[PDB]
>>> print(open('final_13.txt').read())   # compact mmCIF, C-alpha atoms
# COMPACT_ATOMS: atom_id res chain seq x y z
CA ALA A 79 126.45 172.55 266.29
CA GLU A 80 124.87 171.49 263.01
CA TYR A 81 123.69 174.05 260.46
CA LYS A 82 119.97 174.75 259.98
CA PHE A 83 118.97 175.82 256.48
CA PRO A 84 116.13 178.34 256.09
CA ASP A 85 112.65 176.88 255.75
CA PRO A 86 111.21 176.55 252.22
CA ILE A 87 109.02 179.39 250.95
CA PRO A 88 105.78 178.17 249.32
CA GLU A 89 105.33 181.63 247.79
CA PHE A 90 108.78 181.38 246.19
CA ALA A 91 108.08 177.74 245.31
CA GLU A 92 104.99 178.77 243.33
CA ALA A 93 106.77 181.78 241.82
CA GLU A 94 109.83 179.77 240.75
CA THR A 95 107.80 176.81 239.45
CA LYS A 96 105.61 178.96 237.19
CA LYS A 97 108.68 180.64 235.71
CA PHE A 98 110.31 177.21 235.51
CA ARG A 99 107.26 175.77 233.72
CA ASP A 100 107.20 178.47 231.04
CA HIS A 101 110.93 178.31 230.24
CA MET A 102 111.37 174.56 229.77
CA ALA A 103 108.08 174.03 227.91
CA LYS A 104 109.19 176.41 225.15
CA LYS A 105 112.68 174.87 225.14
CA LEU A 106 111.69 171.23 224.57
CA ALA A 107 109.09 172.20 221.95
CA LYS A 108 111.98 173.20 219.67
CA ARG A 109 113.47 169.67 219.73
CA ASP A 110 111.93 166.98 217.53
CA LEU A 111 112.89 164.25 220.02
CA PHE A 112 109.66 164.87 221.98
CA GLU A 113 107.11 165.20 219.13
CA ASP A 114 103.59 165.10 220.58
CA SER A 115 104.76 164.30 224.13
CA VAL A 116 105.35 167.99 224.94
CA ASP A 117 102.61 168.41 227.55
CA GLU A 118 103.01 165.14 229.45
CA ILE A 119 106.79 165.43 229.88
CA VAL A 120 106.23 169.05 230.92
CA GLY A 121 103.52 167.98 233.35
CA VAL A 122 105.62 165.22 234.93
CA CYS A 123 108.57 167.52 235.61
CA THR A 124 106.46 170.39 236.98
CA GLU A 125 105.00 168.43 239.89
CA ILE A 126 108.31 166.84 240.91
CA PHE A 127 110.24 170.12 240.67
CA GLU A 128 107.57 171.96 242.66
CA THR A 129 107.61 169.20 245.29
CA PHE A 130 111.33 169.72 245.91
CA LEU A 131 110.93 173.50 246.19
CA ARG A 132 108.13 173.31 248.76
CA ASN A 133 109.83 170.66 250.92
CA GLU A 134 113.61 170.30 250.58
CA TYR A 135 114.91 173.47 248.91
CA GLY A 136 115.78 176.21 251.38
CA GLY A 137 118.24 178.45 249.58
CA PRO A 138 121.88 178.30 248.50
CA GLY A 139 123.63 175.03 249.22
CA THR A 140 120.42 172.99 248.95
CA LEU A 141 120.34 172.46 245.16
CA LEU A 142 120.23 168.68 245.48
CA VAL A 143 120.82 166.61 242.34
CA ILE A 144 118.48 163.88 243.63
CA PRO A 145 115.28 165.50 242.23
CA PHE A 146 116.94 165.88 238.82
CA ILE A 147 117.54 162.12 238.77
CA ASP A 148 113.89 161.56 239.75
CA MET A 149 112.61 162.98 236.46
CA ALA A 150 115.21 161.10 234.40
CA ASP A 151 114.25 157.69 235.80
CA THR A 152 110.50 158.37 235.91
CA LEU A 153 110.23 159.39 232.24
CA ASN A 154 111.91 156.18 231.08
CA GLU A 155 109.59 154.28 233.44
CA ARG A 156 106.63 156.00 231.72
CA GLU A 157 108.19 155.32 228.27
CA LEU A 158 108.21 159.08 227.60
CA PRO A 159 111.00 160.01 225.15
CA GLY A 160 113.96 162.18 226.02
CA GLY A 161 114.32 160.97 229.60
CA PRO A 162 117.95 162.05 229.97
CA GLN A 163 117.30 165.13 227.83
CA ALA A 164 114.49 166.54 229.99
CA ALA A 165 116.51 166.09 233.19
CA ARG A 166 119.54 167.68 231.51
CA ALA A 167 117.51 170.78 230.63
CA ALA A 168 115.86 171.04 234.06
CA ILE A 169 119.16 170.93 235.96
CA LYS A 170 120.63 173.51 233.56
CA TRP A 171 117.90 176.13 234.06
CA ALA A 172 117.91 175.62 237.83
CA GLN A 173 121.61 176.57 237.90
CA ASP A 174 120.97 180.03 236.39
CA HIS A 175 117.65 181.19 237.89
CA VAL A 176 116.89 179.34 241.14
CA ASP A 177 120.09 180.44 242.89
CA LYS A 178 119.68 184.11 241.96
CA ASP A 179 115.92 184.36 242.57
CA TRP A 180 116.12 183.04 246.14
CA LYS A 181 118.54 185.78 247.23
CA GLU A 182 116.42 188.55 245.70
CA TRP A 183 113.21 187.14 247.21
CA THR A 184 114.66 186.83 250.73
CA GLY A 185 116.73 190.01 250.58
CA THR A 186 119.95 188.13 251.36
CA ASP A 187 123.23 188.32 249.46
CA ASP B 665 155.06 167.87 223.36
CA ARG B 666 151.77 167.87 225.28
CA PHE B 667 150.87 168.23 228.96
CA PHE B 668 147.57 168.37 230.84
CA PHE B 669 146.34 170.06 234.01
CA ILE B 670 143.00 169.18 235.61
CA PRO B 671 141.72 171.93 237.96
CA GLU B 672 140.75 170.26 241.24
CA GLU B 673 140.59 172.24 244.49
CA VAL B 674 141.93 169.72 247.02
CA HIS B 675 141.43 170.48 250.72
CA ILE B 676 142.92 168.62 253.69
CA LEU B 677 141.06 169.10 256.97
CA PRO B 678 141.34 167.65 260.48
CA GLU B 679 138.77 165.19 261.78
CA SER B 680 137.68 167.85 264.30
CA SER B 681 136.63 170.32 261.58
CA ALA B 682 133.05 171.26 260.71
CA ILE B 683 131.87 170.67 257.13
CA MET B 684 129.19 173.03 255.82
CA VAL B 685 128.76 171.20 252.48
CA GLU B 686 127.19 167.77 252.04
CA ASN B 687 128.74 164.93 250.07
CA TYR B 688 127.86 164.64 246.37
CA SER B 689 126.36 168.15 246.36
CA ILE B 690 126.78 170.97 243.83
CA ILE B 691 128.26 174.30 244.96
CA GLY B 692 129.03 177.60 243.29
CA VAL B 693 131.74 180.24 243.34
CA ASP B 694 132.70 181.55 246.80
CA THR B 695 130.77 178.77 248.55
CA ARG B 696 131.81 178.38 252.18
CA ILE B 697 133.53 175.09 253.05
CA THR B 698 134.57 175.67 256.68
CA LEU B 699 134.29 178.61 259.06
CA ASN B 700 137.63 180.05 257.86
CA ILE B 701 137.98 178.56 254.35
CA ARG B 702 135.86 179.42 251.30
CA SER B 703 135.85 177.53 248.01
CA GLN B 704 137.50 179.36 245.11
CA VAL B 705 135.78 177.24 242.43
CA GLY B 706 132.37 175.60 242.66
CA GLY B 707 130.97 172.31 241.43
CA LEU B 708 130.61 168.72 242.62
CA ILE B 709 131.69 167.99 246.20
CA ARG B 710 133.28 164.70 247.27
CA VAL B 711 134.49 164.09 250.83
CA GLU B 712 136.60 161.19 252.11
CA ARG B 713 137.36 160.77 255.81
CA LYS B 714 140.52 159.01 256.97
CA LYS B 715 141.57 157.83 260.44
CA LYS B 716 142.99 161.21 261.49
CA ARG B 717 142.16 163.61 258.62
CA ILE B 718 139.15 164.57 256.51
CA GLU B 719 139.84 165.02 252.79
CA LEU B 720 137.48 167.34 250.90
CA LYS B 721 137.83 167.74 247.13
CA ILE B 722 135.93 170.23 244.96
CA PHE B 723 135.25 169.09 241.39
CA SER B 724 134.33 171.53 238.61
CA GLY B 725 132.87 170.00 235.47
CA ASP B 726 129.80 169.30 233.37
CA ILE B 727 127.48 166.63 234.78
CA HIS B 728 125.89 164.17 232.36
CA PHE B 729 123.71 161.13 232.94
CA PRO B 730 123.90 157.66 231.35
CA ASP B 731 121.53 156.52 228.61
CA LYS B 732 120.11 153.09 227.81
CA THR B 733 122.23 152.71 224.66
CA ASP B 734 125.38 154.37 226.05
CA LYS B 735 128.33 151.96 226.25
CA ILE B 736 130.40 153.74 228.90
>>> encode(input="final_13.txt", output="structure tokens")
Amino acid sequence: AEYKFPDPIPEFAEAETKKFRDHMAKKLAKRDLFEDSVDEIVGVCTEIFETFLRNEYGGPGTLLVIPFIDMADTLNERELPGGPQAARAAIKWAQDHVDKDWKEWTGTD
Amino acid sequence: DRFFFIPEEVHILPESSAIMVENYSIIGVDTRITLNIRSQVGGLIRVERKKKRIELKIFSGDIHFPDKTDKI
């Protein structure tokens, strides 16, 4: 039969997004490539990243790269600077915290 | 006086196998590939299916995205 991934956890989606929001906002404020566009680029990525967590993410093996491309294309569509840069940061932090936090939250190894 | 060696975990599987990892997906260390085979190294996953065999390759590397002014 075909595998069934665990259902997404809205509680974990909120918990991971808030930690995600704090980390990247401080990170991109240290680069001059964003200037005064700190909040809007942060705001755009937060909603898209949270949307993936609530709907498509269900644990290990579900870290799709499609949402990370969504921010990269959208920012250039909105003329916001650092389109590739913001998506590069977001995919990097998700590879160190999202994988580990899901196992601890669910009690699985 | 110089040789190179790209690390690529190449798997050959029958068409009747079951694949637990989707195409163009990112995996980590000790990520299960089939019921009896586990990936030694993680990373990008690319799968090609032939007439009688399914070829699964595991790619480990740093993923970057194109820019408007990049001339790749």
>>> atom_distance(input="final_13.txt", atom1="atom CA of residue A:111", atom2="atom CA of residue A:145")
22.4 Å
>>> axis_aligned_box(input="final_13.txt", around="stretch 94-101 of chain A", padding_each_side="6 Å", output="JSON")
{"center_x": 108.3, "center_y": 178.2, "center_z": 235.5, "size_x": 17.3, "size_y": 16.9, "size_z": 22.5}
>>> interface_residues(input="final_13.txt", of="chain B", to="chain A", cutoff="7 Å", atoms="only C-alpha atoms", output="PyMOL selection string")
chain B and resi 689-691+729+731
>>> atom_distance(input="final_13.txt", atom1="atom CA of residue A:106", atom2="atom CA of residue A:164")
7.7 Å
>>> atom_distance(input="final_13.txt", atom1="atom CA of residue A:83", atom2="atom CA of residue A:126")
20.9 Å
>>> closest_residue(input="final_13.txt", among="A:167, A:134, A:113, A:178", to="residue B:727", atoms="only C-alpha atoms")
A:167
>>> residues_around(input="final_13.txt", residues="residue B:722", least_positions_apart="6", cutoff="9 Å", atoms="all atoms listed in the file", output="short mmCIF file (atom, residue, chain, number, x, y, z; two decimals) with C-alpha atoms, in the coordinates of the input")
data_model
loop_
_atom_site.label_atom_id
_atom_site.label_comp_id
_atom_site.auth_asym_id
_atom_site.auth_seq_id
_atom_site.Cartn_x
_atom_site.Cartn_y
_atom_site.Cartn_z
CA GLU B 672 140.75 170.26 241.24
CA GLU B 673 140.59 172.24 244.49
CA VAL B 674 141.93 169.72 247.02
CA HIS B 675 141.43 170.48 250.72
CA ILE B 691 128.26 174.30 244.96
CA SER B 703 135.85 177.53 248.01
CA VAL B 705 135.78 177.24 242.43
CA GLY B 706 132.37 175.60 242.66
CA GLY B 707 130.97 172.31 241.43
CA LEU B 708 130.61 168.72 242.62
CA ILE B 709 131.69 167.99 246.20
CA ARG B 710 133.28 164.70 247.27
CA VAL B 711 134.49 164.09 250.83
#
>>> closest_residue(input="final_13.txt", among="A:135, A:117, A:104, A:122", to="residue A:153", atoms="all atoms listed in the file")
A:122
>>> residues_near_point(input="final_13.txt", point="(144.9, 164.6, 261.5)", cutoff="12 Å", atoms="only C-alpha atoms", output="PyMOL selection string")
chain B and resi 676-681+713-719
>>> residues_around(input="final_13.txt", residues="residue B:683", least_positions_apart="2", cutoff="7 Å", atoms="only C-alpha atoms", output="count of residues only")
4
>>> residues_around(input="final_13.txt", residues="residue A:127", least_positions_apart="3", cutoff="8 Å", atoms="all atoms listed in the file", output="list in words")
residues 95, 123, 124, 130, 131 and 145 of chain A
>>> decode(input="final_13.txt", residues="stretch 669-693 of chain B", atoms="N, CA, C and O atoms", output="short mmCIF file (atom, residue, chain, number, x, y, z; two decimals), in the first residue's frame")
data_model
loop_
_atom_site.label_atom_id
_atom_site.label_comp_id
_atom_site.auth_asym_id
_atom_site.auth_seq_id
_atom_site.Cartn_x
_atom_site.Cartn_y
_atom_site.Cartn_z
N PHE B 669 36.39 12.80 -7.29
CA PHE B 669 35.48 11.75 -6.83
C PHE B 669 34.23 12.41 -6.26
O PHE B 669 34.25 12.93 -5.15
N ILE B 670 33.16 12.41 -7.05
CA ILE B 670 31.87 12.94 -6.58
C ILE B 670 31.17 11.86 -5.75
O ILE B 670 31.03 10.72 -6.22
N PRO B 671 30.73 12.17 -4.53
CA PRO B 671 29.95 11.20 -3.75
C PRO B 671 28.49 11.20 -4.19
O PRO B 671 27.77 12.17 -3.98
N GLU B 672 28.06 10.10 -4.80
CA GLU B 672 26.67 9.93 -5.22
C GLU B 672 26.23 8.52 -4.90
O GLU B 672 26.76 7.56 -5.47
N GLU B 673 25.26 8.39 -3.99
CA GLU B 673 24.75 7.08 -3.60
C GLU B 673 23.76 6.60 -4.65
O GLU B 673 22.61 7.05 -4.69
N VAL B 674 24.21 5.70 -5.52
CA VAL B 674 23.41 5.20 -6.63
C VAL B 674 22.77 3.88 -6.22
O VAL B 674 23.46 2.95 -5.79
N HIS B 675 21.45 3.80 -6.37
CA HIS B 675 20.69 2.59 -6.05
C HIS B 675 20.02 2.08 -7.31
O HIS B 675 19.50 2.86 -8.11
N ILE B 676 20.02 0.76 -7.48
CA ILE B 676 19.29 0.09 -8.55
C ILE B 676 18.23 -0.78 -7.92
O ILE B 676 18.53 -1.63 -7.06
N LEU B 677 16.98 -0.58 -8.32
CA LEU B 677 15.85 -1.27 -7.71
C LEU B 677 14.94 -1.85 -8.78
O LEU B 677 14.81 -1.29 -9.87
N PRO B 678 14.29 -2.98 -8.49
CA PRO B 678 13.33 -3.54 -9.44
C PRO B 678 12.09 -2.67 -9.56
O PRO B 678 11.77 -1.86 -8.69
N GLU B 679 11.38 -2.86 -10.68
CA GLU B 679 10.13 -2.13 -10.91
C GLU B 679 9.05 -2.50 -9.90
O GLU B 679 8.10 -1.73 -9.71
N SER B 680 9.18 -3.64 -9.23
CA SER B 680 8.20 -4.09 -8.25
C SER B 680 8.49 -3.57 -6.84
O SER B 680 7.76 -3.93 -5.91
N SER B 681 9.52 -2.75 -6.67
CA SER B 681 9.86 -2.23 -5.36
C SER B 681 8.89 -1.12 -4.95
O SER B 681 8.11 -0.60 -5.76
N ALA B 682 8.94 -0.76 -3.67
CA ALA B 682 8.16 0.34 -3.12
C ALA B 682 9.11 1.46 -2.72
O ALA B 682 10.09 1.23 -2.00
N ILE B 683 8.81 2.67 -3.17
CA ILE B 683 9.67 3.83 -2.95
C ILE B 683 9.02 4.72 -1.90
O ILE B 683 7.90 5.22 -2.10
N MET B 684 9.72 4.92 -0.78
CA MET B 684 9.19 5.72 0.32
C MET B 684 9.56 7.20 0.21
O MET B 684 9.12 7.99 1.05
N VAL B 685 10.35 7.59 -0.79
CA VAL B 685 10.80 8.96 -0.95
C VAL B 685 10.35 9.48 -2.31
O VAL B 685 10.50 8.80 -3.33
N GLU B 686 9.80 10.70 -2.32
CA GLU B 686 9.29 11.30 -3.53
C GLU B 686 10.43 11.86 -4.38
O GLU B 686 11.54 12.10 -3.90
N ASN B 687 10.14 12.07 -5.66
CA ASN B 687 11.13 12.62 -6.57
C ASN B 687 11.35 14.10 -6.28
O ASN B 687 10.42 14.82 -5.91
N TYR B 688 12.60 14.54 -6.45
CA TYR B 688 12.99 15.94 -6.22
C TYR B 688 12.65 16.39 -4.80
O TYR B 688 12.15 17.49 -4.58
N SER B 689 12.91 15.52 -3.83
CA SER B 689 12.70 15.80 -2.42
C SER B 689 14.02 15.70 -1.66
O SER B 689 14.93 14.98 -2.06
N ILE B 690 14.10 16.44 -0.55
CA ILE B 690 15.31 16.51 0.26
C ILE B 690 15.19 15.52 1.42
O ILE B 690 14.16 15.49 2.10
N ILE B 691 16.23 14.72 1.64
CA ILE B 691 16.27 13.76 2.72
C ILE B 691 17.51 14.02 3.57
O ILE B 691 18.42 14.76 3.18
N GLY B 692 17.54 13.39 4.74
CA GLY B 692 18.65 13.49 5.66
C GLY B 692 19.39 12.18 5.82
O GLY B 692 19.20 11.21 5.08
N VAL B 693 20.27 12.16 6.82
CA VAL B 693 21.05 10.96 7.12
C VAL B 693 20.13 9.88 7.67
O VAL B 693 19.21 10.15 8.46
#
